[PDB]
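S.K.: Here it is, the structure, as structure tokens.
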Amino acid sequence: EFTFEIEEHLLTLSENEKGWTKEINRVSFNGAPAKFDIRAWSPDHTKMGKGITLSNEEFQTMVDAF
DNA sequence: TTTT
């Protein structure tokens with residue numbers, strides 16, 4: 001058992017020939033408070049690809065650093 | 001090529 005919900009779309013970074021997009025979103029996993037999520041997504045966003053989840057703290061650390 |  002596992003669930004996901006894209007709560008907010010922040011940025012699309014690129015799209016490939018199959019229409020999958022790399023995105024920065026706020027995503028809730030298993031109904032938890034949403035985290036930052038940098039991940040590939042199928043065209044209708046019904047299939048997840050490879051990516052990483054970052055807490056607000058981890059994301060701000062990254063932003064401050066670059 | 002693709003699932004926390």
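Every chain in the structure tokens has a letter given in the order shown (A, B, ...), and although residue numbers restart at 1 in each chain, ligands are simply numbered from 1 in the order shown.
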Please extract the residues of chain A with a backbone DSSP assignment of strand (DSSP E) and present them as an MDAnalysis selection string.

M.R.: chainID A and resid 4:15 21:29 35:41 48:54

S.K.: Up to 6 Å from chain B, what residues of chain A turn up? Count only C-alpha atoms (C1' of nucleotides) and give them as an NGL selection string.

M.R.: :A and (29 or 48-50)

S.K.: Would you work out the distance separating atom CA of residue A:61 from atom CA of residue A:41, expressed in Å to one decimal?

M.R.: 24.7 Å

S.K.: What's around residue A:35 at 10 Å? Count only C-alpha atoms (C1' of nucleotides), leave out sequence neighbours fewer than 4 positions away in its own chain, and write the answer as a PyMOL selection string.

M.R.: chain A and resi 6-7+25-29+53-59

S.K.: One number please: atom CA of residue A:31 to atom CA of residue A:18, in Å, one decimal.

M.R.: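 Atom CA of residue A:18 lies at a distance of 29.3 Å from atom CA of residue A:31.
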